[PDB]
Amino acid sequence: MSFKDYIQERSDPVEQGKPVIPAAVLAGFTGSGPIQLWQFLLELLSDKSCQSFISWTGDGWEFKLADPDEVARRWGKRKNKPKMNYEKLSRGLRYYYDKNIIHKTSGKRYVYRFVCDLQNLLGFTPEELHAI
């Protein structure tokens, strides 16, 4: 059962102004518990009003933190960690490397790649998601 299948259970599978993949729902789906960093990044990447500071690149699930500081600010906010910065947030991303959640794109600045089979998990292909 994908996430796309999961959201059908909601009264509003996609609320008007809200993102397509809220981290809370995704946490509820995965059953992880509190919001995780890789889930928060998807929420922003599925939010049109966040395109400016974070956005998908061309191929697959590669994304770029255009403005790392604004991402780290919203991450601190969501986590109630006032002193959050990219230096610490990115250290959270490096812990995903050996866990195969996210990987660093070698050579590109602030560019990362989801590597946890998002096609199967979300139910959306890269192209289908990147339409919205």
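Counting begins at 1, following the sequence as shown.
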{"item": "Residue range whose averaged C-alpha B-factor is higher in the record, 52 to 60 or 86 to 94", "value": "52 to 60"}
{"item": "Between the two ranges 74 to 82 and 96 to 104, the one averaging a larger CA B factor in the entry", "value": "74 to 82"}
{"item": "Chain third (lowest, middle, highest) by recorded CA B-factor, residue given as residue 36", "value": "lowest"}
{"item": "Third of chain Cα B-factors occupied by residue 115", "value": "lowest"}
